[PDB]
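Only heavy atoms go into these numbers, but all of them, side chains included; no hydrogens, no water, no symmetry mates. Numbering of residues begins at 1 and proceeds along the displayed sequence.
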Amino acid sequence: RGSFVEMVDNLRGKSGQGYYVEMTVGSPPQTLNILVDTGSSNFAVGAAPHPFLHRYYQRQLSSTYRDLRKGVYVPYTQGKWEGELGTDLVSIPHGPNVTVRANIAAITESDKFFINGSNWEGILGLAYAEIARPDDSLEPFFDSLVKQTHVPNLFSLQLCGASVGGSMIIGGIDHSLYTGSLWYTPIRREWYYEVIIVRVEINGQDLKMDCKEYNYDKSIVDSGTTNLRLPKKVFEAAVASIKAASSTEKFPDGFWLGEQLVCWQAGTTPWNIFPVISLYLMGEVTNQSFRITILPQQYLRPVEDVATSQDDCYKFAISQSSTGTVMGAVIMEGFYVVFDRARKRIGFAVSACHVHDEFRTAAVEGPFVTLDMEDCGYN
Ligand SMILES: N#Cc1ccc(C(=O)Nc2ccc(F)c([C@]3(C(F)F)CCOC(N)=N3)c2)nc1
Ligand code: NA
Ligand code: NA
């Protein structure tokens, strides 16, 4: 409990490409690098020589592979994969000292799914069976891990942004990875990691929307998405406040829609003109909330692969949503996040590794008094 030295720094990634962990599958073990995704629930790995893949799962080499004789077709909004379901023995080298028999979707065809140039070749869906494909009888990896071992039913994530890195602590919490205290919000339903946002402020100014708009139709914590996505009506109000707060400089319209980058001369990004963003989350106790606060360092993402600039370029990484609020790597990179599945709650603390400057820091503060927090959930 509280100290897992062998798991610290076991995540890697590149800007824009997500955070992955090394895993082994099959006997003898095949090493693969696997995207950590709290927004999905399948363990799915490339299993054919797609040209973007460094490595892929070769079932024929595994003596412990068992075929489930069942295919799966998984389309998303952007991209799709198709594959064949089986089980095999799985380990995490920089994780608990255990091996489990887990479901694996061996991906045999994909479109817009793998990233050309990335170093990962599969996804580890850490959410719940309710959103597993093809249905909820396909037990997710973490469920199998907990059923089959003595690993406690929780994991925690410290995502360190810009190469990027961080830590996934499986079965516990490591107190060296955060400062101050953890504050917990209830998991409202076990499918995604769904939470309820009760108030939103831009530089301390409340947006003053009906709080149900903040969770229309849900709000989730998702390490497999870069942006903070906000329901459309909330995005419109949020951008209008951020423009107002920032208006000592003028940016093109397209910038705010994520349609154009903005660039400054290296070493002089004026962080100080941009406001902080606070989300108040429902707390553990009736009429009690806490707030998490992020900086422009989290929501203005550096874009390095800009082959027609000099020069320091950023994308605005808050975007409109049709799927509810998505607290992606923009929120998560400020905090140490604890997915305390055993107590159905999510903890937030200030991350010991978050990017900040000498004037402002990310913050997790409470308790606040907020009434009618149950009306904020959308049904
Ligand atoms: N920071 C950061 C960051 C950058 C890229 C990605 C990424 O490419 N995810 C990804 C790629 C393909 C998918 F299909 C998914 C899905 C899939 F696995 F469900 C669907 C979209 O949302 C989620 N959460 N996962 C995620 N993730 C996180
Ligand atoms: Na167990
Ligand atoms: Na600490």
Side-chain angles (χ1 to χ4, degrees), residues 1-13 15 19 21 36 38 94-95 152 154-187 193 195 197-201 203-204 221-223 228 269 271-272 274-285 288-302 317 327-343 345-368:
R1 302 179 46 81
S3 173
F4 298 78
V5 79
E6 77 273 21
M7 303 190 245
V8 172
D9 203 41
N10 62 353
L11 298 185
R12 289 155 70 199
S15 269
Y19 295 80
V21 68
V36 170
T38 62
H94 300 291
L154 94 166
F155 65 86
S156 48
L157 288 179
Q158 184 205 47
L159 304 186
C160 308
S163 271
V164 294
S167 299
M168 175 173 69
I169 309 302
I170 301 145
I173 288 159
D174 185 309
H175 310 295
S176 72
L177 296 184
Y178 67 94
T179 57
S181 184
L182 279 162
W183 286 84
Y184 288 95
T185 192
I187 293 170
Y193 287 106
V195 300
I197 294 162
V198 298
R199 187 173 155 97
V200 175
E201 289 174 353
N203 253 12
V221 188
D222 181 6
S223 67
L228 175 60
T269 302
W271 303 113
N272 230 349
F274 290 101
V276 300
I277 300 164
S278 298
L279 307 183
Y280 289 66
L281 298 174
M282 177 183 283
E284 296 189 280
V285 171
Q288 171 268 317
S289 68
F290 66 96
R291 84 171 169 231
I292 63 177
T293 290
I294 59 165
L295 305 180
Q297 282 84 347
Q298 279 73 62
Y299 68 76
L300 292 205
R301 325 280 295 174
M327 294 166 67
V330 166
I331 289 295
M332 290 183 72
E333 289 175 2
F335 305 103
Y336 184 49
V337 186
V338 174
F339 294 81
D340 183 348
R341 294 159 54 104
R343 276 147 281 172
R345 61 188 188 168
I346 310 300
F348 288 83
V350 178
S351 174
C353 71
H354 79 280
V355 186
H356 58 88
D357 53 42
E358 215 178 298
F359 302 89
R360 294 180 305 192
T361 183
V364 179
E365 291 177 75
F368 294 93

Item to check | Inter-residue atom distance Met332.CE - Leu228.CG, 0.5 Å rounding | outcome: 12.5 Å
Next on the checklist: Check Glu333 with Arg301, please: is the shortest side-chain N to carboxylate O separation under 4.0 Å?
Outcome noted: yes
Item to check | Inter-residue atom distance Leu11.CG - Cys160.SG, 0.5 Å rounding | outcome: 8.5 Å
Item to check | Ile292: which of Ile331, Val337, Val350 passes side chain to side chain contact (heavy atoms under 4.5 Å, CB included) | outcome: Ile331
Checklist entry - For the residue pair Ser156 and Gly172, what are the closest heavy atoms and their distance? => result OG-O, 2.9 Å
Checklist entry - Any side-chain heavy atom of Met168 sitting closer than 4.5 Å to one from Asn10? => result yes
Checklist entry - Under a 4.5 Å cut-off applied to non-hydrogen side-chain atoms, are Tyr336 and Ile169 in contact? => result yes
Checklist entry - Just wondering, do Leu281 and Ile346 contact through their side chains at under 4.5 Å, heavy atoms? => result no
Checklist outcome for this item: Here the pair of heavy atoms bringing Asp357 nearest to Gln297 is OD2-NE2, 2.9 Å
Checklist entry - With a 4.5 Å heavy-atom cut-off, do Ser289 and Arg199 have their side chains touching? => result no
Next on the checklist: Nearest 0.5 angstrom please: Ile173 CD1 to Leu182 CG, how far?
Outcome noted: 5.5 Å
Checklist entry - What pair of heavy atoms forms the shortest contact from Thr38 to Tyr193, and how long is it? => result O-CD1, 3.4 Å
Next on the checklist: Do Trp183 and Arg291 make a side-chain contact, defined as non-hydrogen atoms from C-beta onward lying under 4.5 Å apart?
Outcome noted: no
Next on the checklist: Which heavy atom of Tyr19 sits nearest to which heavy atom of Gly165, and what is that distance?
Outcome noted: CE2-O, 3.2 Å
Checklist outcome for this item: Closest non-hydrogen atoms of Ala349 and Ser181, given as atom of the first, atom of the second and distance, are CB-O, 3.6 Å
Item to check | Worked verdict on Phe348 versus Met327 for side-chain contact (heavy atoms from CB on, under 4.5 Å) | outcome: CA-CA 12 Å; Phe348 288 83; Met327 294 166 67; 3.9 Å; yes
Next on the checklist: I need the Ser163 OG to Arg12 CZ distance, nearest 0.5 Å.
Outcome noted: 8.0 Å
Next on the checklist: Angle between ring planes, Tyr178 versus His175, binned at 30° and 60°: parallel, tilted or perpendicular?
Outcome noted: perpendicular
Item to check | Intermediate values then yes/no, side-chain contact (heavy atoms from CB on, under 4.5 Å), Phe335 and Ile294 | outcome: CA-CA 9 Å; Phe335 305 103; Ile294 59 165; 3.6 Å; yes
Checklist outcome for this item: Heavy-atom closest pair (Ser176 atom, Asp174 atom, distance to 0.1 Å) is OG-OD1, 2.6 Å
Item to check | Test item: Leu177 and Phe4 side chains (from C-beta on) under 4.5 Å apart, heavy atoms | outcome: no
Next on the checklist: Please check: side-chain N/O of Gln298 versus main-chain N/O of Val355, any donor-acceptor pairing under 3.5 Å?
Outcome noted: yes
Item to check | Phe359 vs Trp271, side-chain contact (heavy atoms from CB on, under 4.5 Å): CA-CA, chis, key distance, verdict | outcome: CA-CA 10 Å; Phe359 302 89; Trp271 303 113; over 6 Å; no
Item to check | Heavy-atom side-chain proximity of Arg360 to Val276 below 4.5 angstrom | outcome: yes
Checklist entry - Measuring from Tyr280:OH to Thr185:OG1, what's the distance to the nearest 0.5 Å? => result 14.0 Å
Checklist entry - Do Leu154 and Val338 touch side chain to side chain, with heavy atoms closer than 4.5 Å? => result yes
